[PDB]
Amino acid sequence: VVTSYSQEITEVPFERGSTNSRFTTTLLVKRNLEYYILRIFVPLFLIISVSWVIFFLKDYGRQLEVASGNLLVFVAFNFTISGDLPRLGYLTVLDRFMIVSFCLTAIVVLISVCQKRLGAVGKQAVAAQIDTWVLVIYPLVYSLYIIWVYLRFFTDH
Amino acid sequence: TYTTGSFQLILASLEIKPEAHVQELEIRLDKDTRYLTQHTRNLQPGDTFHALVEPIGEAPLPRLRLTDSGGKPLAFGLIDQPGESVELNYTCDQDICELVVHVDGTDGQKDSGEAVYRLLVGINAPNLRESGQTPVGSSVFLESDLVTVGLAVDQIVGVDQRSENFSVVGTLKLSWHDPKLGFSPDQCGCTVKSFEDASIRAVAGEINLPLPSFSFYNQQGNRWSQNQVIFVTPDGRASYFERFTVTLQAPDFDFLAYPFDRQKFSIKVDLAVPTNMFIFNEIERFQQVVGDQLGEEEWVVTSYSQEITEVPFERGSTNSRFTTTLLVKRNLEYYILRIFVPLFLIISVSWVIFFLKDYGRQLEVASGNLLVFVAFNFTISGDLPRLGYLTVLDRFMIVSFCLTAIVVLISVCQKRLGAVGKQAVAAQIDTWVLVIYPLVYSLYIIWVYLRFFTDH
């Protein structure tokens, strides 16, 4: 969608000395943000929200199995959205967000394994402490990463 | 400046002797060069030509001859009474006759090594040797025209890694000085003659004078040329400018170390005319070679090098070649973060499931994680290119998949052992794999680094 346009006339150097005229029409185009927000970001938010909410469970076997299933879900959706994501040779803020979210889901699977191990040992209190700690640091980490990428790519510093 | 040209008027004489001048040449006879010829000027009637070759580092005594433009004999070579050196003399009888001097070891075909000979060639000069004032006079040999070439790359349009080619857009500039292209500005009333939308071959065809036509050596298909222009000045200065989008075939793509491979994009411009006519003399840095782009790029140019050589040409002799080599590298952050970190976490969960002593949950998580590995493996299937051979990334993925299959197998065996009643050996297997799995991964990483990124 064309946000704005500007037609303007300049002079630029020409072969064998001198200059020639140039007429430039610049179109300030923008992508459809609703498409990417609804198709990608809302399903991704729900996929990470289920991984966040599995920590309320104190049955760490079910927690671990749901965590592994949700990581598989994350991968399947990740590649379901593979046409809109373009095959450029470098990274992208969407790509960085997806990588970070995938890493956080891998970490939730790891933490679920560790918590099941601790519960099997007999240290249920520390497992509950880890549950309540992750329940508060996970959204904090996501928010900090969102702010950091906004600062890095959409403003100075 | 003074001016030169051919005119008509609607004879007399000059002094008592025509201008006499001599030059020298060091000719090297090697395995790849056992014969040489050199062309000369018009040699107006009455002019005498003298030639004399001598050996410096040895006494091979290469034979000499003197022929016309077409090779018909005009003068032979007779050795002098004193040892070493030869003498050849010829006086012409017709106007505008070109002479070619031939040096050849036809009888001396024995090969031992490179040799150097000093050849003294003069016109109108009956001097026995060089004597003095050798460089004051004009050159007697026909000298190849000097052309300066400059290449710049605006951007790398694309790389096709399966057919091994790359499309690049840039600008090419040529500049030579052929006075035969000159004109008097009185007639046209302008200081520049312009040819547009036509290649050098076409303007050469419609002018019928030799011009330094070129070609992109590894070009595939039709090059897309624009702003194609040729400017000619009355003083003979001619310049060619072109902005080209060209797909060049690259037969030296080595994707064995992908995505850590570093490639060499070679843009070769070959002169279509032989070395005796035109040669790429120097390189014009009219603008930066790599150029500046806004935003990131799939291929980043580590370094560039423009260099001029001579390569063999069809029907004997050589032609000049101007090569621009770009040392391009992939974006390592993209492949490290998109592929290697998720893969590390996927293998790390399979590693960490061994702490569990509930082997049913261990087995189910192992199977689920193998499915996860497959799903991610094919999620990263666009960046991974469909080449017909293996790749260090492909080898790493195969090894990791095999290790996840092995962890599933070990989980099955451990559940079986626990069901039997041998829990102690199952715990021993747990603690053994917990230490050998990272060791195996590290050893494989070191091995592939040694195999593909260094010697042995």
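Higher on the page you've got the structure.
Within every chain, numbering proceeds from 1 in written sequence order, not necessarily in step with the numbering of the entry, and residues without coordinates do not appear. Each chain is given a letter, starting from A, and each ligand a number, starting from 1, according to the order in which they appear as written. Within a larger assembly, only the chains shown are considered here, and all values are given for them alone. The basis for every side-chain value is the complete set of non-hydrogen atoms in the structure, without hydrogens or water. Residues with missing side-chain atoms are left out of burial classes, side-chain pairs and their counts.

A. The arrangement of the overall build of chain B in detail. Here a helix means four or more residues in a row that DSSP labels H or I, a strand means two or more in a row labelled E, and each is numbered from the N terminus. Regarding its fold elements, chain B presents six helices and 19 strands. At 35 Å, chain B has a C-alpha radius of gyration far larger than the 23 Å of a compact globule built from 456 residues. With the C-alpha coordinates of chain B rotated into their principal frame, the extents come out at 125 × 60 × 35 Å. For the radius of gyration, the atoms used are the C-alpha atoms, and the globule rule reads 2.2 Å times the number of residues raised to 0.38.

B. A look at the packing of aromatic side chains. Stacked, edge-to-face and tilted labels apply to pairs of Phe, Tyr and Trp rings (six-membered ring for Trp) whose centres lie within 6.5 Å, assigned for plane angles under 30 degrees, over 60, and everything in between, in that order. Evaluated as defined, the whole model comprises 30 aromatic pairs over all chains. Joined through ring pairs, the aromatic side chains of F260(B), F340(B), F396(B), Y437(B), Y441(B), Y449(B) and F453(B) make up one cluster. We count a charge as sitting over a ring when the NZ of a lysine or the CZ of an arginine lies within 6 Å of the ring centre and within 35 degrees of the ring normal. Seen from the ring of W148(A), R152(A) lies directly overhead, with NZ or CZ sitting 4.2 Å from the centre. Lying across the ring of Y217(B), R321(B) places its NZ or CZ 4.7 Å from the centre.

C. Representation of the interface of chain B and chain A within the structure. By the convention used here, residues are in contact when the closest approach between their heavy atoms is within 4.5 Å. Opposite the 36 residues of chain B that make contact, chain A presents 29 residues. A simple way to read buried area is as the amount of 1.4 Å-probe accessible surface that goes missing from two parts once joined, with both sides added. Buried surface at the junction of chain B and chain A, summed over both partners, amounts to about 2900 Å²; 72% is from carbon and sulfur atoms. Any carboxyl oxygen of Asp or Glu that lies within 4 Å of a side-chain nitrogen of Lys or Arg is treated as forming a salt bridge with it. Counting every contact that joins chain B to chain A gives three salt bridges. Whenever a nitrogen or oxygen atom comes within 3.5 Å of another N or O atom, the pair is scored as a polar contact, on the condition that within protein one atom can donate a hydrogen and the other can accept it, and that pairs from neighbouring residues in sequence are kept only if both atoms are in side chains. Where chain B packs against chain A, one counts four residue pairs in polar contact. Broken down by secondary-structure element, the contributors of at least two residues to the side of chain B that touches chain A are β14 (219-232), α3 (332-352) and α4 (359-379) of chain B. When residues in the side of chain B that touches chain A are grouped by element, the largest group, eleven residues, is from α3(B).

D. Broad picture of the environment of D455(B). Relative to the helices and strands, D455(B) is located in the segment after α6 (423-453). In the structure, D455(B) is positioned 325 residues away from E130(B) in sequence and 56 Å away in space, judged by C-alpha atoms.

E. Looking closely at the side chain of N369(B). Residue and element names in this part refer to chain B. Here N369 is to be found in helix α4. Accessible area is worked out with a 1.4 Å probe on protein chains only. A residue is then buried under 20% of its type maximum, exposed over 50%, and partly exposed in between. Given the relative accessible area of 6%, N369 is considered buried. If we ignore the near neighbours within four places in the chain, the residues touching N369 are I346, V349 and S350.

F. Spatial organisation of the pattern of salt bridges. In the structure shown here, the tally under the stated rule is 17 salt bridges over all chains. Measuring nitrogen to oxygen at the nearest pair gives 2.7 Å for the salt bridge that ties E54(B) to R129(B). Of this pair, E54(B) sits in strand β3 (residues 48-55) while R129(B) sits in the loop between β9 (115-123) and β10 (145-160), placing them 75 residues apart in sequence. Look at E54(B) and you get buried, because its relative accessible area is 13%. Taken together, the salt bridges that share partners define one network made up of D95(A), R338(B) and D383(B).

G. Representation of the sheet that holds strand β12 (residues 193-196) of chain B. All names here are of chain B. A strand pair is defined by DSSP finding two or more bridges across the two strands. The mixed open sheet is built from six strands, whose spatial order is β12-β14-β15-β11-β10-β17. Looking along the sheet, the strands with just one partner apiece sit at the ends: β12 and β17 (278-283). In this sheet, adjacent strand axes meet at a mean angle of 25 degrees when their direction is disregarded. Only the stretch in contact is used when fitting a helix axis, every axis being a line fitted to C-alpha atoms; angles between N-to-C directions are given from 0 to 180 degrees. Together, β11 (165-177), β12, β14 and β15 (237-249) form the strand contacts of helix α2 (residues 200-207), whose direction differs from that of β12 by roughly 125 degrees.

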